[PDB]
Each structure stands twice: as C-alpha cells, then as structure tokens.
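J.: Starting off with a structure, shown below.
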Amino acid sequence: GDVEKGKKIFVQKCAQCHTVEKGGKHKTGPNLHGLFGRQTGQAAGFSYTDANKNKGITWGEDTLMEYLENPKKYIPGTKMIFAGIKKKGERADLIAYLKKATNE
Ligand code: HEC
C-alpha cells in the first residue's frame, strides 16, 4: 500500500476520532498505537462497547481490510459511526499508513 495516500485518507476520514501515536489521547475513538497483532478492544483506558470488546479477533492487514469496508457489518453494535471505505485500494493504502504510524 501507499503510505502517503493512506495518511491523507487517515487525516480526512479517521483523525477526528483517533490518534495513532504512542501515548496519544483517546478522542471519540481509542488511540490506535499498537493495534497490529492485538485483539479487539485492548487499547488501555478506552471504554469500548461490548461488541468491540468481545469481538474476539486479532487486528492485522486481513481483518482491518474487512472491518474498514463496513465496520457495523464486521462488529454489529459498534459505536464507531463510520460507513466504511468502499474501495479496496484505498483500504490497503490506509492500512499501510496505519502499519507505520501505529508502530512508530
Ligand atoms: C468517530 C465518528 C470515528 C471515526 C470517524 C472513526 N472511528 Fe474508529 N472507532 C471509533 C470508536 C468510537 C471506536 C470504538 C468502537 C466501539 O464499539 O467500542 C472505534 C474503533 C476502531 C477500531 C477498533 C479498535 C480496537 O479494537 O482497539 C479501529 C481499528 C478503528 N476504529 C479504526 C478507524 C479507522 C482506520 C478510521 C478511519 C477510516 C476510523 N476508525 C474512523 C470512532 C471512530
């Protein structure tokens, strides 16, 4: 994926609810640092729905590709109010950005 294109997507569609940096604040949504290779619902200090807390999957490229297409379909009951990114290539670019920015 294209990290620069992914950053733009993140800024436009995600940043208002999410920070990525280590120690970043929670906003409407949880800070995302450390997301890759961890189960759903594990950001310290964030109050998740039971739906996100108990989804029982590990985040990675494949599960983020599915989730970001349509969050409510993957996690019914989620309080992330976002319809999804419909284009597969845009999801891949965003995910490549996230794999860098949430791991720095
Ligand atoms: C505010 C309106 C949001 C927007 C825009 C985005 N997200 Fe979000 N996200 C939000 C909330 C409130 C939550 C918790 C939902 C719950 O039911 O408890 C989330 C959750 C996620 C997660 C899961 C995190 C985890 O399990 O630890 C991910 C991976 C995620 N959000 C990513 C993400 C992306 C990449 C966004 C832009 C496309 C995006 N979110 C937008 C709130 C909001």
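Chain A uses Swiss-Prot numbers throughout; the residues present, in order, are 2-105.
This deposition comes from X-ray crystallography, 1.4 Å.
Every residue, even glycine, has its Cβ placed from backbone N, Cα and C.
Per Swiss-Prot, the feature N-acetylglycine maps to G2. Annotation comment: Swiss-Prot describes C15, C18, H19, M81 as heme c binding site. Annotation comment: Swiss-Prot describes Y49, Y98 as phosphotyrosine, evidence class similarity to another entry. Residues annotated as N6-succinyllysine in Swiss-Prot, with similarity to another entry given as evidence: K56, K73. Annotation comment: Swiss-Prot describes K73, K100 as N6-acetyllysine.
Structural setting of the listed features?
T.: Mapped onto three states, the DSSP output places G2 (N-acetylglycine) in coil. The 10 Å shell around the Cβ of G2 (N-acetylglycine) contains 17 further Cβ atoms across the protein chains shown.
Using a 10 Å Cβ-Cβ cutoff, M81 (heme c binding site) registers 18 neighbours.
Annotation for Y49 (phosphotyrosine): spatial neighbours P31, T41, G42, criterion Cβ-Cβ under 8 Å with sequence separation of six or more.
In the three-state DSSP reading, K56 (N6-succinyllysine) counts as coil.
Over all protein chains present, the Cβ of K73 (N6-succinyllysine) has 16 other Cβ atoms lying within 10 Å.
Following the DSSP three-state reduction, the secondary structure of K73 (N6-succinyllysine) is helix.
Within the same chain, residues at least six positions away from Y98 (phosphotyrosine) with a Cβ under 8 Å of its Cβ are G2, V4, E5, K6, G7, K8, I10, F11.
All protein chains considered, the CB of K100 (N6-acetyllysine) has 17 other CB atoms within 10 Å.
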J.: Which residues, in sequence order, are found in the same chain with Cβ within 8 Å of the centroid defined by the Cβ atoms of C15, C18, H19, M81 at the heme c site, excluding those residues themselves?
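T.: Going along the sequence, the neighbours appear as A16, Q17, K28, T29, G30, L33, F83.
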J.: Nearest to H19 (heme c binding site) by Cα distance: which of the modified residues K56, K73, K100 is it?
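T.: So, of the listed modified residues, the one sitting closest to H19 (heme c binding site) is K100.
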J.: In sequence order, which residues at least six apart in the same chain have a CB under 8 Å from the CB of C15 (heme c binding site)?
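T.: Result: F83, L95.
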J.: With the Cβ under 6 Å from ligand 1 as the test, give me the qualifying entries from the recorded positions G2, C15, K56, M81.
T.: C15, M81
